[PDB]
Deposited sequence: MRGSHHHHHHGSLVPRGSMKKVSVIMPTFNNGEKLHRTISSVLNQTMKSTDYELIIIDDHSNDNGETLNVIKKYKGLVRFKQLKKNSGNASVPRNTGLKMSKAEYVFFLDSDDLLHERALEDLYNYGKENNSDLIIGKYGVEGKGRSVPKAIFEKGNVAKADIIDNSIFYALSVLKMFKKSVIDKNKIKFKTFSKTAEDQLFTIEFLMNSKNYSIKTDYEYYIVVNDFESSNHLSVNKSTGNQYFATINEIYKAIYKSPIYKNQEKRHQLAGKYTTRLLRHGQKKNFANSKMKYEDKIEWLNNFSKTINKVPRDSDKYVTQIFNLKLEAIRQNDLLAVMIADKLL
């Protein structure tokens, strides 16, 4: 039984994949103590990606899907079924690991009985930004969701204890193109207690290179996960978590500024209708735990009032 399975889905990556794979194979951890599982989501780049992967035959486990799934959910789920390790680490195909990522994160995790270990993120290039606040207090052995800003770092680019995933049958959902990674991390967080944060190096480097029916279905699942948490059983604690997630959603959500956008009016109405329907399944008791700058925007969404959301956005 290996310490870590690195699970990496690929799709039409080409010669860029060399850098990523190399970063995983060049770890300070004993090479026999981890594996790299590569799951190609049926690349169609005239065999360029598959040719790069073939160069590491013998040194990595590999499966190719018959049809392209469209996102990383099915590939990652396939990797999870293939792993029998203590921890898994999800890695995106364009990104890089620091030489001492698996060793340092696994050691910290093992020494603190961690269900989840989060390594400090770095970033190369303009594009997506990475979480910063979670890492501002240095290393944290027993982190807290609220006090350590974990709802602002819900990517799956972390080390997860496989037993938690297995015991609770946590899979990536495929009903949406976005926020499926958030739902996964939330499901995990709500079914575990021990989270640790390690910040000695930039362990993971992120490399930068419609009506909302499906999106808000996923957001709904996130709130459901919080309110059904067997770890956070206290209803007031659930309200606090839900409120904090609402804050993150209003700060960093998809199409956060839809109301004053160039979007067609009928589309705005349908979008807000889905956002309203979803947030109105969340107890109002959570609202008091939302950052108060968003008090008006949140009420506007609850009331399903487009004008009020437009105004709220103008005042933010």
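Participant: Unmodelled stretches of the deposited sequence, numbered from 1?
Facilitator: Residues lacking C-alpha coordinates: 1 to 18, 228 to 238.
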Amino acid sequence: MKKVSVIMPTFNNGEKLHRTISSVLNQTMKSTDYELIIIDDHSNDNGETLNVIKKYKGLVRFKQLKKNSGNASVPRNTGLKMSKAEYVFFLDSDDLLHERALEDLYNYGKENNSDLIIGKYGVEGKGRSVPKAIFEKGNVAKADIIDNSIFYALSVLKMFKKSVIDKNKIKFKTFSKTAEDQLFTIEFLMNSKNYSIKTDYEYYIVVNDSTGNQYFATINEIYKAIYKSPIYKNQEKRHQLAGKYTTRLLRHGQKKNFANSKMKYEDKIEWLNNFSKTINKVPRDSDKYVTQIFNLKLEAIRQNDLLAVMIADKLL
From here on, numbers count along this sequence of modelled residues.
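Participant: Give yes or no for this: do at least a third of the other compared entries, each modelling residues before and after residue 230, lack coordinates for it?
Facilitator: Modelled in all the others, so no.
Participant: Checking the other compared PDB entries, only those that cover the residues flanking it, does residue 182 lack coordinates in at least one third?
Facilitator: No.
Participant: 94 to 102 versus 126 to 134: which one carries the higher mean Cα B factor per the record?
Facilitator: The stretch with the larger average C-alpha B-factor is 126 to 134.
Participant: Higher mean Cα B-factor in the deposited model: 171 to 179 or 224 to 232?
Facilitator: That would be 171 to 179.
Participant: Whose CA atom has the top B-factor in the entry, of 272, 249, 39, 59?
Facilitator: 59 has the highest C-alpha B-factor of those listed.
Participant: According to the Cα B-factor stored in this entry, which of the following is highest: 23, 304, 295, 12?
Facilitator: That would be 12.
Participant: How does the C-alpha B factor of residue 143 compare with the rest of the chain: lowest, middle or highest third?
Facilitator: It belongs to the highest third of the chain when residues are ordered by C-alpha B-factor.
Participant: Ranked by Cα temperature factor within the chain, is residue 279 in the lowest third, the middle third or the highest third?
Facilitator: Middle third.
Participant: Classify residue 308 as lowest, middle or highest third according to the C-alpha B-factor given in the PDB entry, relative to its own chain.
Facilitator: Within its chain, residue 308 is a middle-third residue by C-alpha B-factor, going by the deposited values.
Participant: Sorting by Cα B-factor within the chain, modelled residues only, which third would residue 72 end up in: lowest, middle or highest?
Facilitator: For residue 72, whose C-alpha B-factor we compare with every modelled residue in the chain, the answer is the highest third.
Participant: Should residue 110 be placed in the lowest, middle or highest third of its chain by the C-alpha B factor in the entry?
Facilitator: For residue 110, whose C-alpha B-factor we compare with every modelled residue in the chain, the answer is the highest third.
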